[PDB]
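Protein chains in written order, with my numbering: chain C, 466 to 723; chain B, 466 to 723; chain F, 113 to 379; chain D, 113 to 379; chain E, 249 to 307; chain W, 46 to 80; chain R, 46 to 80.
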Amino acid sequence: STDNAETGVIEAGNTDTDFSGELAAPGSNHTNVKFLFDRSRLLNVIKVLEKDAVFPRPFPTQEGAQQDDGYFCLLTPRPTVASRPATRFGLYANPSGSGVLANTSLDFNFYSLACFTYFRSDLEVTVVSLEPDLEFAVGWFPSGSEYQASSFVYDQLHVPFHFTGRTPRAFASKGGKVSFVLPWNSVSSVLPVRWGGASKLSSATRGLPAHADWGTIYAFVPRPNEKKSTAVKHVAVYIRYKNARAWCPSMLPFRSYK
Amino acid sequence: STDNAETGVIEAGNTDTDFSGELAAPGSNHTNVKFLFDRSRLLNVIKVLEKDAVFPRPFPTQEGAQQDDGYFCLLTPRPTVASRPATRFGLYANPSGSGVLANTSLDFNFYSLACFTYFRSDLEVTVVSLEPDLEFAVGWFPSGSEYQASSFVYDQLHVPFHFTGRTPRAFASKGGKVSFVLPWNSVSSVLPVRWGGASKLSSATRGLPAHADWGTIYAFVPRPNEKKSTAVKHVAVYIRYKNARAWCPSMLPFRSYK
Amino acid sequence: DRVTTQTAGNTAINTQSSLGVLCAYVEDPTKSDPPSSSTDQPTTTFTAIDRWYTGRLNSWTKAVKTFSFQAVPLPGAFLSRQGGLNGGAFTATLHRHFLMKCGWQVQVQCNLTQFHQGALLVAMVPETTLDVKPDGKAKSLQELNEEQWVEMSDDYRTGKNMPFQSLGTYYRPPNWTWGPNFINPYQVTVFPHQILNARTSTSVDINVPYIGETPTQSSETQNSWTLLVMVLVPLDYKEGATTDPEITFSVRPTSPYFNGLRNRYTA
Amino acid sequence: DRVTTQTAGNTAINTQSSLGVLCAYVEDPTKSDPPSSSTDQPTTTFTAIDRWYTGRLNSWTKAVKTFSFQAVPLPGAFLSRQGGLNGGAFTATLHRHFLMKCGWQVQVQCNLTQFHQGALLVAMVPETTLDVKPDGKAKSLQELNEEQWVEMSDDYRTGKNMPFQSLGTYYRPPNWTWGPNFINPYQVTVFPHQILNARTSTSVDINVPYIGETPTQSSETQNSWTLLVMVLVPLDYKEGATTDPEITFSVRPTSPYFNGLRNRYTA
Amino acid sequence: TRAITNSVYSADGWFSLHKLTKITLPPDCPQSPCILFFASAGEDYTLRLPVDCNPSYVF
Amino acid sequence: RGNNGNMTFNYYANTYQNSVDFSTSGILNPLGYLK
Amino acid sequence: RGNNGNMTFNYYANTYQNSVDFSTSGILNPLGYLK
């Protein structure tokens, strides 16, 4: 069918448009955005806390900072680094040495189907243990709050301040899991998948949204600091995007030909 | 009663047809196809995965292929070999030596009552562990998909890519079971019990249906590859044919007189 | 009563000892709807493929044992030209269409006399690889014309010798014992059959509809039916009688729906 | 206004400088009744012969003089495959039917530029032997591809060289001077024609019905039409322009009525 | 939607842009013009069965 | 209905539990008719 | 409705399960219009 594609709008035609044929039946609705993003996937593998940690200091962190890394899961499909929102995703090709290997995360299953710019949904976090018989718990603090980092001596036991709070501290059973659904808490109307504005928190980094997150979870162990174990235990954070809505179509990542 | 059986149709008569008698009562409906196939039975005994395996390469597999066998249960009453659909069923009479003893499977309870050619049903897979206190999980990938065979380093732990996906990865409890019902997913309208056409995937093997399956399950252990155990643990796959329909009557297997 | 002339197109065939058309699985197997797996306009029947294609089949001596069968693949016989069964305008249309969805209507003629005994079991057998050698290769006409009647061994009763993918040199080659494309020779009467007896008829009449795992199957691969002539009682006669009675067969495709037009099939 | 896409079957052809279909001798040359000289049921059109069969024709240099024609026999081009004009399902149906009664619908494409001059006279010429050498033999493709454009001598203007029965050695062989299958080259515009000018169009459109001395003619003998491409003005261009413009043609048989089915024609 | 095993180089056939007549350019015009290809879905193109993606875009 | 005794209550719907066919546009009848 | 097969019964309310927007005061339409 004779067209002009310089116009920018092409009417999607069928076989009957040029030839003799008919329309096929509608297959299914598995491309529905509220249906397609509504399934769980691995987000980040964070180490389980055992003491009242220091939250990671803001960038640029200098050496001699006695902070606690690899502990907080900033719940976001966008690339993160050191439990803080980043712009580039970077893994370690040859991690020999040298400093602190920063925990990065990315939602691999999201950006392959995030052909849009803005995305709003609830979040259903399931925190699966990666340790046999682990009796852990799961904190949370919203987009814009900060970690309460101290302890209080309860009967000569340094019970930390992340055992309590007005935010959900879900306690897992022995060998169980933690599953709860978090609302869209951030101050932005939508989470920018791609962002081009500047956040003026620092020397203004272009393309870094400051409040594109559902918060930040952290696993801990419900014992005081005297009962701190030795081997560092992990946990695995599965998230699901409940009630997904997506705006403003955009690009999919570049599949290299090599 | 005087008849002609060369006609090919014989009216099934009663005692009253030749003699003096009466019709017996209707006994029951346990010959109903939707009722008779709706019961579980052992299909295949597959070994539980512990690392990100290589799926078995297509036939003819040559030596030096470092693939992982005996791991995938192609969910099908038809004869399988090496987790791939076969035409003949072959056990090992004297398995001494010599190469890799290929895992074969057959539904013994089906073909003794598969007096038909085409068969469509849902499938209710129950994966019973054959190991005490085994904490396993059960994957699946549909008829036409393929195994996602790699790993991603999550906090210096080689977590495989078969922990996630858009297909059901049901996680069993410790000492529990996994039971779920799979729809008729294959691209054929019905599963051919007996097939005579040629699949043109290879040099065309006659009688080999390429997409006569409900998919392929695989058991794994929810630990990363560093926590790989030594003793190879098994699991047992029980399937049930929910909502069975069967067409085109055919033959039952030959009971030998010896 | 028993004189039925079955006109189709320009080829009418006659039978004066007709038992009756064994219409299979339905009342009228001619009635069929177009395939639902083709968005293009299908090539329906036309007046040069609605006729009785007839070719010979091998003779039936006294040396033929019980259950020695003889299989005609449909549409495998139109393409390999088994028995001289040349399709003509049907095969020249079957080679150029990718998918083909038809139902068959066969008739096997073997006129015995009143002084002969014997019985064939003509039966349209669905989905069997009885035409294929166990090594994968389909039979050629030089190979059919040397065995003449493929005897019922235990490799056919068990399905031990159906064609297979060789596992390769990696896997240990397993002892094959069974395959679902067997013949249980005592249960071939479940299929759409008539018995070609030496004392009731000379010709049998079977009419089967399209069956298949897909709503239409490929043209060059399918063997959805198989005209199976099986000897239930061996031929016996006193000497002087007409030795080796001929067997023919006449095949008519009822309502075919071709799809996917392309050039002539070159493997 | 001038963008006409002529869909037929599964082969739609396009032209963006269309002058209009020159429907010949009637309003609608598609409408035709079955032959009255066949008591058998005729094979009408079907959806694999209702399409635009397209083959090339020779190039048009500057060396081509005025009135150098080039003739396409219809249906003589489907059978000899002149210019690659392969009929496919039409020729495979034309060889098997003894009589054939169709009307044609042609279109000749030769895209000049606005800086070229020249004019072809495409004209469906009825009942001419322009494809035949004077010695009786019809031309083969090796013979067409050496002259490329059969020049208008006085043997064609007088019809001196049309094919003939040799009288033998008994009669004195007479001085032949004339024959009715001449070309008067100045009067080819009485035929159903359009002029393929270098400044009005790239394609011409002619639609002719079935004509013939009998209500249907034989299949292997007839030359009832002849797609005649005649050069009225020689091609001229300044140097640098696209030398030797191609000429194709697209032929569609409108409503054929085949008769007399037999096996494939073997002379 | 993915030629995993096998489709030999032949899954649903081949698109092929043949040129019918040569492109007749006037003098003082660029040789070798460029046909820009797109690929859109039809008004009846419908998808089914999500799977895990290919995460090799990030490497 | 098959081997299903849960006569009262279906928690999941029809299209989730079973798998219904998509549209396109007792009495034991014999499997072969003499005509 | 999304990937939600629990057609019958919602235990928690709307504003607890979901997160409704606060007020201020199929049919696939195209994402770009030639005007």
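The C-beta atom is built at its ideal place from N, Cα and C for all residues, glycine as well.
Counting every other CB atom within 10 Å of its CB across the protein chains shown gives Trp-262/E a total below 16, marking it as exposed. When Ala-567/B, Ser-615/B, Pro-525/B and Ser-653/B are compared, the shortest CA-CA separation from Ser-586/B is found for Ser-653/B. The alpha-carbon of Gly-662/B is positioned some 39 Å away from that of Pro-365/D. For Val-643/C, the closest Cβ of chain R is not nearer than 7 Å.
Residues of chain B whose Cβ lies closer than 8 Å to the Cβ of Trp-288/F are, in chain order, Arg-553, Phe-554 and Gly-555.
The three-state reading of DSSP puts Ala-189/F in helix, counting H, G and I together. Leaving aside the five residues that flank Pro-304/D on each side, the residues in its chain whose CB is nearer than 6 Å to its CB run, in chain order, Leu-134, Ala-136, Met-236, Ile-318 and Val-320. If the five residues before and after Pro-285/D are omitted, its C-beta is found closer than 7 Å to the C-beta atoms of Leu-279, all from its own chain and listed in chain order. It is roughly 29 Å from the alpha-carbon of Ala-602/C to the alpha-carbon of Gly-555/C. If only complete runs of 3 or more residues are kept, the stretch 266 to 342 of chain D shows the beta strand (DSSP E) at 305 to 309 and 315 to 319, in order along the chain. Ranking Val-593/B, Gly-535/B, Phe-685/B and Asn-479/B by CA distance to the CA of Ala-490/B puts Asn-479/B first.
Counting only runs that start and end inside the stretch 570 to 636 of chain C, the alpha helix (DSSP H) elements of at least 4 residues fall at 573 to 576. Under the three-state reduction of DSSP output, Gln-118/D falls in the strand class. The C-beta separation of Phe-210/F from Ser-330/F comes to about 7 Å, placing the pair in contact by the 8 Å criterion. With a threshold of 16 other beta carbon atoms within 10 Å, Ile-682/C meets it and is buried. If you look at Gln-254/D, you'll find it in the alpha helix (DSSP H) that goes 253 to 259.
Interface with chain R (7 Å Cβ-Cβ cutoff): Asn-574/C is excluded. Residue-level contact check: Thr-253/E does not touch chain D, since none of the beta carbons of chain D fall below 7 Å from its beta carbon. For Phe-484/C, the chain D residues whose Cβ falls inside 7 Å of its Cβ are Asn-122, in order along the chain. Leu-79/W reaches chain F at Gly-132 and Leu-134, counting residues in chain order whose Cβ is nearer than 7 Å. Where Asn-509/C is concerned, there is no enclosing alpha helix (DSSP H), although the beta strand (DSSP E) around it starts and stops at 506 to 512. Between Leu-76/W and chain F, the shortest Cβ-Cβ separation is below 7 Å.
Within the same chain, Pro-544 come within 7 Å of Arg-553/C by CB-CB distance, once the 5 residues on both sides are set aside. DSSP places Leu-169/F inside the beta strand (DSSP E), whose first and last residues are 165 to 169. Going by DSSP, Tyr-78/W is part of the beta strand (DSSP E) stretching over 77 to 79. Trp-605/B is outside the set of residues whose beta carbon lies under 7 Å from a beta carbon in chain F.
Under the three-pair Cβ rule at 8 Å, the stretch 57 to 66 of chain W does not count as touching the stretch 285 to 301 of chain E. For the pair of segments examined, the stretch 597 to 616 of chain B was found not to touch the stretch 484 to 500 of chain C: the number of CB pairs separated by less than 8 Å stays below three. Ranked by how close their Cα comes to the Cα of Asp-276/E, the residues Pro-238/D, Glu-351/D, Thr-156/D and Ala-120/D have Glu-351/D in first place.
By the Cβ criterion, the stretch 557 to 565 of chain B is not in contact with the stretch 692 to 700 of chain B, since fewer than three pairs of Cβ atoms, one from each stretch, lie closer than 8 Å. Under the criterion of beta carbons closer than 8 Å, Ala-547/B and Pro-525/B do not qualify as touching, at roughly 11 Å. Spatial neighbours of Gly-640/B in its own chain (CB-CB distance under 8 Å, excluding positions within 5 residues in sequence) are listed in chain order as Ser-594, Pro-597, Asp-598, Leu-599 and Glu-600. Judged by beta-carbon spacing, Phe-626/B lies within the 7 Å limit of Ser-615/B, meaning their Cβ atoms are closer than that value.
For the stretch 470 to 498 of chain C, the set of residues with a beta-carbon nearer than 7 Å to any beta-carbon of chain R comprises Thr-472, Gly-473 and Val-474, in chain order.
In summary, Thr-289/D is exposed, with fewer than 16 beta-carbon neighbours lying within 10 Å of its beta-carbon over all protein chains present. By the neighbour-count criterion, in which a residue is buried when 16 or more other Cβ atoms sit within 10 angstroms of its Cβ, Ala-58/R is exposed.
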